[PDB]
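> I have a structure here, written as structure tokens, and I will follow up with some questions on it.
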Amino acid sequence: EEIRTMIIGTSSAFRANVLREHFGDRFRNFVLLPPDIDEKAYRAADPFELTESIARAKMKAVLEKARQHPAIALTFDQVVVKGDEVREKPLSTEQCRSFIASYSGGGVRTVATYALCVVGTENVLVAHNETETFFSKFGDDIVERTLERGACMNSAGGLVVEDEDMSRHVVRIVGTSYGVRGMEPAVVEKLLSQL
Ligand SMILES: [Mn+2]
Ligand SMILES: [Mn+2]
Ligand SMILES: [Mn+2]
């Protein structure tokens, strides 16, 4: 059995881009197949168990979709933790504004679960990835500039470290910026090694 195909089981353009770039030396074929599930149905308090339940639910949906259009499938789920609050994608500009403003002069975590499955098998491997990003102080003006670009709406906690203004206020990251953005290749490399 020679596996040459990766099923990219996410709608994230960034994730798809990194996967093709980093894993094109191993895989010939990259198939886009987003899970498109109702994530609101899953509600665990622990963000590690939360993201894991969602990544596994996403994998189930992807493998089902694969049956009707040898391979490995990958899914992901990621949330932000700020203080005691678990944050997903913001529901409005107002909440996003609030989210971004709160990152000034402090630390913010991301918690994720990556899942991997060889299509046709029953074992779904999972791995967690956690980051912590530390910002210097910034004011309402920088908040509005980031908001105006709109990409923040599509990230957990409205956290966009790649944003022109946000980037200028990052002091350090424990982890990698690719991890904060939702796809650290080292995590996928570790899961592949566990086959
Ligand atoms: Mn765990
Ligand atoms: Mn999610
Ligand atoms: Mn999603």
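We label chains A, B, ... in the order they appear in the structure tokens, count residues from 1 in each chain, and number ligands from 1 in the order shown.
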Enumerate residues in contact with ligand 2: an atom-to-atom distance of at most 10 Å, counting only C-alpha atoms and all ligand atoms. Format the result as JSON, numbers by chain.
{"A": [37, 38, 39, 40, 42, 50, 51, 54, 55, 58, 76, 77, 78, 79, 87, 88, 89, 112, 155, 156]}
> Residues of the last selection are to be written out with N, CA, C and O atoms, as a PDB file, in the first residue's frame.

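Once everything was written out, this is part-v6.pdb:
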```pdb
ATOM      1  N   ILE A  37     -19.458  20.739   9.141  1.00  0.00           N
ATOM      2  CA  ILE A  37     -20.362  20.238  10.179  1.00  0.00           C
ATOM      3  C   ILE A  37     -20.903  21.352  11.072  1.00  0.00           C
ATOM      4  O   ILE A  37     -20.360  22.458  11.104  1.00  0.00           O
ATOM      5  N   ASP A  38     -21.966  21.037  11.804  1.00  0.00           N
ATOM      6  CA  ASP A  38     -22.523  21.939  12.807  1.00  0.00           C
ATOM      7  C   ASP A  38     -21.695  21.831  14.089  1.00  0.00           C
ATOM      8  O   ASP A  38     -21.871  20.905  14.881  1.00  0.00           O
ATOM      9  N   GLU A  39     -20.785  22.781  14.277  1.00  0.00           N
ATOM     10  CA  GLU A  39     -19.834  22.720  15.389  1.00  0.00           C
ATOM     11  C   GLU A  39     -20.451  23.136  16.724  1.00  0.00           C
ATOM     12  O   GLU A  39     -19.927  22.788  17.788  1.00  0.00           O
ATOM     13  N   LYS A  40     -21.573  23.855  16.653  1.00  0.00           N
ATOM     14  CA  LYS A  40     -22.314  24.321  17.831  1.00  0.00           C
ATOM     15  C   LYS A  40     -22.882  23.176  18.683  1.00  0.00           C
ATOM     16  O   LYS A  40     -23.213  23.372  19.852  1.00  0.00           O
ATOM     17  N   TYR A  42     -21.278  20.618  19.766  1.00  0.00           N
ATOM     18  CA  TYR A  42     -20.242  20.139  20.688  1.00  0.00           C
ATOM     19  C   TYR A  42     -19.892  21.226  21.694  1.00  0.00           C
ATOM     20  O   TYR A  42     -19.586  22.355  21.303  1.00  0.00           O
ATOM     21  N   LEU A  50     -12.807  19.705  23.894  1.00  0.00           N
ATOM     22  CA  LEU A  50     -13.688  20.371  22.938  1.00  0.00           C
ATOM     23  C   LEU A  50     -13.152  20.261  21.508  1.00  0.00           C
ATOM     24  O   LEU A  50     -13.838  19.735  20.624  1.00  0.00           O
ATOM     25  N   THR A  51     -11.935  20.761  21.286  1.00  0.00           N
ATOM     26  CA  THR A  51     -11.337  20.714  19.945  1.00  0.00           C
ATOM     27  C   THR A  51     -11.182  19.285  19.447  1.00  0.00           C
ATOM     28  O   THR A  51     -11.330  19.026  18.256  1.00  0.00           O
ATOM     29  N   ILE A  54     -14.540  17.920  18.240  1.00  0.00           N
ATOM     30  CA  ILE A  54     -14.882  18.556  16.964  1.00  0.00           C
ATOM     31  C   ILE A  54     -14.007  18.040  15.803  1.00  0.00           C
ATOM     32  O   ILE A  54     -14.530  17.713  14.734  1.00  0.00           O
ATOM     33  N   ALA A  55     -12.696  17.938  16.022  1.00  0.00           N
ATOM     34  CA  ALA A  55     -11.791  17.368  15.003  1.00  0.00           C
ATOM     35  C   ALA A  55     -12.189  15.941  14.597  1.00  0.00           C
ATOM     36  O   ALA A  55     -12.127  15.579  13.416  1.00  0.00           O
ATOM     37  N   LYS A  58     -15.393  16.156  12.612  1.00  0.00           N
ATOM     38  CA  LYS A  58     -14.982  16.602  11.280  1.00  0.00           C
ATOM     39  C   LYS A  58     -14.405  15.449  10.444  1.00  0.00           C
ATOM     40  O   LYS A  58     -14.736  15.310   9.267  1.00  0.00           O
ATOM     41  N   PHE A  76      -8.912  19.363  11.620  1.00  0.00           N
ATOM     42  CA  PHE A  76      -8.389  20.311  12.597  1.00  0.00           C
ATOM     43  C   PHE A  76      -9.550  21.007  13.307  1.00  0.00           C
ATOM     44  O   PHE A  76     -10.604  21.225  12.715  1.00  0.00           O
ATOM     45  N   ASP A  77      -9.338  21.372  14.567  1.00  0.00           N
ATOM     46  CA  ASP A  77     -10.207  22.335  15.241  1.00  0.00           C
ATOM     47  C   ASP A  77      -9.385  23.131  16.241  1.00  0.00           C
ATOM     48  O   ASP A  77      -8.538  22.562  16.946  1.00  0.00           O
ATOM     49  N   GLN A  78      -9.649  24.432  16.315  1.00  0.00           N
ATOM     50  CA  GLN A  78      -8.831  25.323  17.144  1.00  0.00           C
ATOM     51  C   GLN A  78      -9.658  26.426  17.795  1.00  0.00           C
ATOM     52  O   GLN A  78     -10.536  27.019  17.160  1.00  0.00           O
ATOM     53  N   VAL A  79      -9.358  26.703  19.063  1.00  0.00           N
ATOM     54  CA  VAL A  79     -10.006  27.782  19.805  1.00  0.00           C
ATOM     55  C   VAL A  79      -8.937  28.638  20.465  1.00  0.00           C
ATOM     56  O   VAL A  79      -7.784  28.211  20.610  1.00  0.00           O
ATOM     57  N   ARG A  87     -12.792  30.996  23.267  1.00  0.00           N
ATOM     58  CA  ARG A  87     -13.313  31.810  22.174  1.00  0.00           C
ATOM     59  C   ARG A  87     -13.226  31.091  20.839  1.00  0.00           C
ATOM     60  O   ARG A  87     -12.188  30.532  20.486  1.00  0.00           O
ATOM     61  N   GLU A  88     -14.331  31.117  20.105  1.00  0.00           N
ATOM     62  CA  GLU A  88     -14.350  30.621  18.740  1.00  0.00           C
ATOM     63  C   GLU A  88     -14.340  31.852  17.820  1.00  0.00           C
ATOM     64  O   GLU A  88     -13.911  32.928  18.242  1.00  0.00           O
ATOM     65  N   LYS A  89     -14.789  31.705  16.578  1.00  0.00           N
ATOM     66  CA  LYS A  89     -14.860  32.842  15.655  1.00  0.00           C
ATOM     67  C   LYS A  89     -15.884  33.851  16.184  1.00  0.00           C
ATOM     68  O   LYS A  89     -16.908  33.446  16.729  1.00  0.00           O
ATOM     69  N   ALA A 112      -5.536  23.574  20.076  1.00  0.00           N
ATOM     70  CA  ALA A 112      -6.017  22.879  18.894  1.00  0.00           C
ATOM     71  C   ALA A 112      -5.846  21.384  18.989  1.00  0.00           C
ATOM     72  O   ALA A 112      -4.993  20.886  19.736  1.00  0.00           O
ATOM     73  N   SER A 155     -11.086  34.012  12.199  1.00  0.00           N
ATOM     74  CA  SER A 155     -10.162  33.358  13.109  1.00  0.00           C
ATOM     75  C   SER A 155     -10.756  33.233  14.506  1.00  0.00           C
ATOM     76  O   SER A 155     -11.505  34.109  14.949  1.00  0.00           O
ATOM     77  N   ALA A 156     -10.411  32.150  15.196  1.00  0.00           N
ATOM     78  CA  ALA A 156     -10.839  31.965  16.588  1.00  0.00           C
ATOM     79  C   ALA A 156     -10.379  33.164  17.402  1.00  0.00           C
ATOM     80  O   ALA A 156      -9.232  33.611  17.271  1.00  0.00           O
TER      81      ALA A 156
END
```
> Ligand 1: which residues are within 9 Å, counting only C-alpha atoms and all ligand atoms, as a PyMOL selection string?
chain A and resi 48-49+52+113+126-128
> Based on the backbone DSSP call, show me all residues of chain A assigned helix (DSSP H, G or I), as a PyMOL selection string.
chain A and resi 13-23+39-41+47-67+93-103+140-149+151-154+156-158+164-167+177-181+185-193
> Determine the nearest neighbour of residue A:132 from the options A:101, A:7, A:80, A:119, counting only C-alpha atoms.
A:80
> Choose the residue, out of A:106, A:185, A:158, A:120, that has the smallest atom-to-atom separation from residue A:24; count only C-alpha atoms.
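Of the candidates, the smallest distance to residue A:24 is held by A:185.
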